[PDB]
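Engineer: What follows is a protein structure lacking sequence information:
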């Protein structure tokens, strides 16, 4: 509604046609988080809820998140590349014996 | 504002994007005058204002 | 008066002297005769088939010439007694030569071989060794036999009424001695005889060059209409400067010229530096000292600030070392020759060299300064025996507190570390393990045992190489095994590409490192006057004091370990961000010492030419009875072998020195720890060693004598440094102490820079053999026309002399005479393909290949003597073209229809008009990979064969790839057999393609549909109208002929970048970068793939079409955007065919740039972007011809009238060169392009 | 990593020739081997949501390039999350994606799309268009997450 | 100040032939010396530098965005300066550093 | 006889391609010999007015 | 002399994903043999607190990166001591560190934060930041030691 | 439609190898 | 001072009008 | 695909027209 | 005998003498 109102008509009709592609990319990440990265090495529910209010307040008594550095043009390439997990990891079934 | 009243849209959408390049040119001339060309051979203030 | 009428009489007269019984007509394209020798007649005698008349036919055609076969006359080559008409002279130089000869008493290891006497029926152990050396050392291979060169000067000296001394010492060589050698005219590489002396071809090559050098001067002296040259006050004769020089070398010319070239080069640098009024050419450019965008003003004079500075002790010590270097070369030749006279004209100039002035605006000081640079090129291509010497690291300087060795080694660690970081910002990184095998094609292997094997053994080793140089002695080249050079390929790759760019800012207080070092390419991209403009403007400036030191024997002091460890310390610590990924199992820190290990560069055995001693014979057989072994290592053909050095050194010295000796196996030849020239980091490393030394130069000057000698620029190239400084005091004592601290820094690093080589001068600059003096350009020309580097095979004679005229454009650009550069090519246009035919013919009938008869099996091959005016008939009509009035203008077929319509060319091109469409045609000849190939290639090679074959037999363009790999497999057997085997095939083709040749009328000015040439401008007229300023532009390069001085006067030197490089060549820049794309495919290759398909249905069907070329996948991006750009931007779809404006004098001028159109061009606006280039490339040749004639400078304007019939012929002919009729059904291109839709509405 | 169909940009992002822009320049490019490694870092920060946040690179040349900088702001609001429960952007990165969108919305406007600025003079503080769309919500506020996927 | 800071400094006698706070009126009392102080100020303090063009995409997206239309501004961007017009640019920036 | 500057029509008269008119044909289009003698007859009539 | 543990800067995630430090260029440098004799002066001035005092050694022969001065205006303010009891450094050496801190805090290569200068012209007389931290307390005051240790 | 099918055959058997 | 250079189509007109 | 003929002896007529134009 | 034009070789001294 902003790109239409700002006169960018030919550039707003690119994001409307990309909307089925944009949904299945974020619908694939929600399987990698929810049922593939689920171990004892995932963050507990009370440490996770304090990650954002300790980043705003600047209270470093918790842990600091890892900061990666990306370029500017890879913001555009990441919109046009969708991660599709072909090969799952060869330690997933050996995971609960390693963690025990 | 004058260059879009007259209808020159593409010629006045060029000076807007050249605005950060413009203001860092004149923010380097403001250093060469104020803290490099500052000698006793610079012009005194009462000779400058006239 | 024209070159085409007067010069063609001379080259005809050379053939009238060479083959003496030849009736020659100029209006015939090419006359044909034949001749034979009985070296092949004796061979089939030995196979059993005897011949009828052995030498009876030879008696028939010696002087009576009364026999001729098939009507074709049979004429013999001239003997050596008659090439100078039997003339004789006094020739005091010749009697100096004959007493400077000595038999059987030479040192068998020596650099440049001396005068050996040939005595017949002598031994086969010394004389076969001397014949072995002269067969390798003294070779005059090239394109022209040396015999007709000696006849050419005999015809040329008569017309100018001037006798050269090179012919005077040659004319005495013909009356007492019969024949110097027997050079076969078919191959030019065989010299199988020496009659009185072994150095007879060096006697002629230094004489056939000596004659042209004073014909060049004496012709040029009348063009400047001055009698003689003028040193700053007194008159000086230039020919006496060369005759005093030619006598001194003539004892031992390769050794004398190598040690006398140093005071001759030093004299021209320091000439006009000490005079008090100094005339400069005032220049103006950017604030950086290396800026190339220069603007020139008029001449002016200024008072010298450094007048009292040359009273110092630095110059007074440096001058007596150069006056010694004159005298040691003299004393070596005062005794070996009988002469008691030497150099009397030059010695009077060196005593007062600084204070005498030099003014460039007068021609009588610019010819003389150019001549002394061009003196040293008589004994060209110094081919020298080199010996195999070891490291001898007891002389290697150990790091010390009192020495700067450790401080140099810790400086250079921080420079390889800095070059890796600043290449990361330019996206130059290390290569990955993924593309490790793909990136191995950059050179033309990898096994875990082959990578762990060493080379410091007698069994397996490395083997050296050697290649020649123009004037210098033969420098070595190192050949490294390709197994351990790929570990150097993976880690030196972001340094080869990073220093490949041309632009850079050279400031000492700048933090960056890439601008201050630079490694150029093989050929000088651009001109030499154009890209060395930063050297000109700093000799015109009153406040720049330049310092340029020189390292004598740089590798002997690069041999030290301090640059070996400190480089490898910076390699390891900068691979620390790449420490996780493994190269084929093992880490990156393990593989860097596989390309820089112990058995890789630290201690390796190398095999060159062997050590050898000259001993007796009786004591040899008493010891050789126990050690007669061979088979381990080979021995030269003159030398007698033994086993070990330890049995070869006990018998070493003899007063008789009869027989030679050589140790095969027990030698332990050479072990070297020095930066090799063959590695991927040759020019990167040693230029960084100058950077680590040169940064220590500025520190000690700033810490012992502070406040003086501030540094403003730092240029580091191969074996050279160049500091652009300014000096803050004109003192005799203080400058003597600053100049002393510079040498104490180099000597405490380990090197020994000579005070005679070091340059500390205000108004002179030399940088990479480009001499800049007082704001102008003093040129040298070490390029030569007789000898060559290697033997040259004329495979594309259309393209050879088209390439040879490029190296004659440069010669006249350095001051060679323009018309003498025309006579050389008019001589060199008849004597190229004279001996490239197999079997004889009968005229006006079929061409006999097989004979099977005793008569015509004696007359083996034919002779083809082309007309001397085949130089001027334009290309495309089976003959290469260069214009007679100016050498830089390419004669094309649209220029032939223009040059006859001009009234000032009706006299020059009168005999040209009768030989067009008369000339005969041109000899125009034309397992591992499953790993080292891109996945575009591996998927296409591992295909099902039912799918892989349909790209091969039925369809597919496929210019590179597997068949080009087979062509790459044909390129590696190319050097001996595949060149020879197809040479048996093209000759059977060329006889059919000559017999089917009909000289066709109705020349055409046009091209095909999908391309266009410079001949497109002949659709319209052209009206010379308007008027421009007649202001003579100023330019630094003086010393030009009036055919070239007037082109630079009316049209100035260029000030911007040329725009005529079209967007078809803008994608060549993308294909120039990749060396897997540079040597294989280009714009004419890549546009034919666009010719197979344009206007597809998706860009995803677009990126993939050049993976079908099977070379790369990254640069399909640049072919994705630019085809999308040409789908957006207008283009004329066609290509541009040209051969013009490429020589290095045209790039200097202000033609073919965007500022050339705005004054000299007026074209209709209905023209596309590659059509205005075809007008402009036509417009460049018109104005350059308008200036080189003396025609008035006007504004060229192409006109389109209102004649409604002539408006129809243009719309009919512009249409067919844009869109093809039949080929639209082949390409299936759409016609709904915007550009081709305007053609309905353009001119109407 | 799967690209979209090339007939998605070709029928609506470059539907007319004879007009270029910030999107039409960027769409004719494919990334280098050192930029695939940055897309490989985006899809590591999105999978560990609060644990791995990311930030923009220092280097010039791209920070001065107004075609890369304008198309990255419009994309970067649809892709990331500065929401009210977790975050993928840093405090600094979501500020640079606001100056970037502020440039794209008004680098070219005729007298059809009127712009009415607000009092503060911050990025994205105007009302654009005939329907007067309030563009203040696309300024990043980490307490509520008003411009991004949360 | 490395001269005042050795271990001998307690009992030295510093002489100083020239005082530093120069009374600048004595340089400007020389009659009609207003051009001689301008050349002496240029040669003593003026820095030497490089001239930097902006991105070529900063005018491609906005000044030549319509092909099949040429104007006054759209002509000049496809033009390179000669070496004698850079010297007039070097006179623009000399007048900007000395205002009146 | 002095022609005007060829940039004075290229920014206004042929300022966009793919649109022609009566004026866009006549530009360029140099005069012939007999059509230039007619230009001399224009100016001889302008100097002597009646 | 023990160097710190190298995993403090870089944390390697997968194979090719590695966090990088802000002083990536300075940590991967080596001291030359002249500068190593200057590190042995600093620890010789820390062990003998009042008796050995440091200075600056202006040298025209050596040419450094301009960023190594501004980084070493931070390190000097949290390594030395100019407190109320002893000093490790001269009244001049502690003056060129406050200028080196004044230049490091104002050369901002990210988005600029606001700043409000004071009435004098002294170094560090402003209020940098969004919440306006008073930077006046880092000028050297040899009677209380407001900037350095102590 | 020969050359249109040449690319479609190779671009399918390029995918099953990579 | 050499005069203008004609096109090919101006040269075709002279070659036809010398034969008629 | 245009072509002139090799036989043109109109070198007086092509000299006359540019002398008439001059 | 010289093959260069005498009209060219006289234009050069008209500017070779202007340097002097």
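Structural biologist: Thanks, I have the structure now. Residues are numbered from 1 along each chain as shown, chains lettered A, B, ... in the order given.

Engineer: closest point of chain A to chain J, which residue?
Structural biologist: Using Cβ to the nearest Cβ, the closest approach of chain A to chain J is made by residue A:10 at 43.4 Å. Where you see a C-beta, it was placed from the backbone N, CA and C, and this is true even at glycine.

Engineer: Tell me how far that residue lies from residue D:20.
Structural biologist: 11 Å (Cβ to Cβ, to the nearest Å).

Engineer: Show me which of these two is the more surrounded one.
Structural biologist: Set side by side, residue A:10 and residue D:20 show more neighbours around residue D:20, with 21 against 17, by other Cβ atoms under 10 Å in any protein chain shown.

Engineer: ok, and the closest non-adjacent residue to that one?
Structural biologist: residue E:65 (5.5 Å; Cβ to Cβ, 6 or more residues apart in numbering or on different chains).

Engineer: Then residue C:745?
Structural biologist: Residue C:745's closest residue in space is residue C:700 (Cβ to Cβ, 6+ apart), at 5.0 Å.

Engineer: which residues sit in contact with the one you found?
Structural biologist: Residue C:700 is in contact with C:741, C:744-745, G:61, counting by Cβ atoms under 8 Å, 6 or more residues apart in numbering or on different chains.

Engineer: which one among those residues gets closest to residue C:771?
Structural biologist: Taking Cβ to Cβ as the measure, residue C:771 sits nearest to residue C:745 out of these, at 26.8 Å.

Engineer: so what's the closest residue to chain A within chain H up against?
Structural biologist: Residue nearest to chain A within chain H (Cβ to the nearest Cβ): residue H:18, separated by 12.6 Å. By Cβ under 8 Å, 6+ apart, residue H:18 lies in contact with C:935, C:939.

Engineer: in the stretch 1001-1150 of chain C, what residue is nearest chain B?
Structural biologist: Counting by Cβ to the nearest Cβ, the stretch 1001-1150 of chain C gets nearest chain B through residue C:1128, at 16.9 Å.

Engineer: longest single strand anywhere in chain D?
Structural biologist: Identified as the longest strand of chain D according to DSSP state E is strand D:52-56.

Engineer: helices and strands around the next helix or strand after that strand, which ones?
Structural biologist: Going down the chain from strand D:52-56, the next helix or strand is helix D:68-79, by DSSP states H and E. Identification of packing neighbours for helix D:68-79 by 3 or more Cβ pairs under 8 Å, 6 or more residues apart in numbering or on different chains; DSSP states H and E yields helix A:74-79, helix D:22-26, helix D:93-104.

Engineer: follow-up on the earlier one: check which helix or strand the residue of chain A closest to chain J maps to.
Structural biologist: Residue-wise, residue A:10 maps onto helix A:9-17 under DSSP H and E.

Engineer: Residue 5 - how many residues pack around it?
Structural biologist: If you meant another chain, say so; for now it's chain A. Other residues lying near residue A:5 total 18 when counted by other Cβ under 10 Å.

Engineer: if you could check chain H rather than the one you did, that'd help
Structural biologist: For residue H:5, using other Cβ under 10 Å, the count is 10.

Engineer: and if you look at residue C:329?
Structural biologist: Residue C:329 has 24 neighbours, counted by other Cβ under 10 Å.

Engineer: how close does it get to residue C:252?
Structural biologist: 10 Å.

Engineer: Also residue C:1217?
Structural biologist: Here the criterion is Cβ to Cβ. By it, residue C:1217 lies 64 Å from residue C:252.

Engineer: Same check on residue C:283?
Structural biologist: As judged by Cβ to Cβ, residue C:283 and residue C:252 stand 44 Å apart.

Engineer: Residue C:723 now?
Structural biologist: In terms of Cβ to Cβ, residue C:723 sits 37 Å off from residue C:252.

Engineer: what do you get for residue D:23?
Structural biologist: 75 Å.

Engineer: Then residue C:13?
Structural biologist: Distance of residue C:13 to residue C:252, given as Cβ to Cβ: 36 Å.

Engineer: Look at these two and report which has more neighbours.
Structural biologist: Neighbour tally, residue C:13 and residue C:252, criterion other Cβ under 10 Å: the higher count belongs to residue C:252, 22 against 18.

Engineer: out of everything not next to it in sequence, what's closest to the more buried one?
Structural biologist: residue C:114 (5.7 Å).

Engineer: Could you do residue C:1234 as well?
Structural biologist: Leaving aside its sequence neighbours, residue C:1234 sits nearest to residue C:1130 (Cβ to Cβ, 6+ apart; 6.2 Å).

Engineer: swap in residue C:135?
Structural biologist: In space, residue C:135 is closest to residue C:191, 7.0 Å off (Cβ to Cβ, 6+ apart).

Engineer: Does residue C:33 touch residue C:19 like I think?
Structural biologist: Yes. Taking contacts as Cβ atoms under 8 Å, residue C:33 lies within contact range of residue C:19: 7.0 Å.

Engineer: Which neighbours do those two have in common?
Structural biologist: Taking Cβ under 8 Å, 6+ apart as the contact rule, residue C:33 and residue C:19 both touch residue C:75.

Engineer: Tell me where chain H has strands.
Structural biologist: With DSSP E as the criterion, chain H has no strands whatsoever.

Engineer: Tell me the residues of it that contact chain B?
Structural biologist: By the rule Cβ under 8 Å from any Cβ of the partner chain, no part of chain H lies against chain B.

Engineer: Would you mind giving the secondary structure of residue C:551?
Structural biologist: Three-state call for residue C:551 (DSSP: H, G, I helix; E, B strand; the rest coil): coil.

Engineer: before we move on, what about residue C:162?
Structural biologist: Assignment for residue C:162 (three-state DSSP): coil.

Engineer: tell me the contacts of it?
Structural biologist: C:214-215, C:218.

Engineer: Hmm, residue C:557 and residue C:752 touching each other?
Structural biologist: Yes. If you go by Cβ under 8 Å, residue C:752 and residue C:557 touch, sitting 7.1 Å apart.

Engineer: So for the two, which sits in the more crowded spot?
Structural biologist: Neighbours were counted for residue C:752 and for residue C:557 using other Cβ under 10 Å; residue C:557 has more, 22 against 13.

Engineer: Phi first, then psi, for that one.
Structural biologist: In terms of degrees, to the nearest 10, the main-chain angles of residue C:557 are phi -110, psi 0.

Engineer: what's the nearest residue to it if we skip its chain neighbours?
Structural biologist: The shortest distance from residue C:557 to any non-neighbouring residue, by Cβ to Cβ, 6+ apart, is to residue C:751 (4.3 Å).
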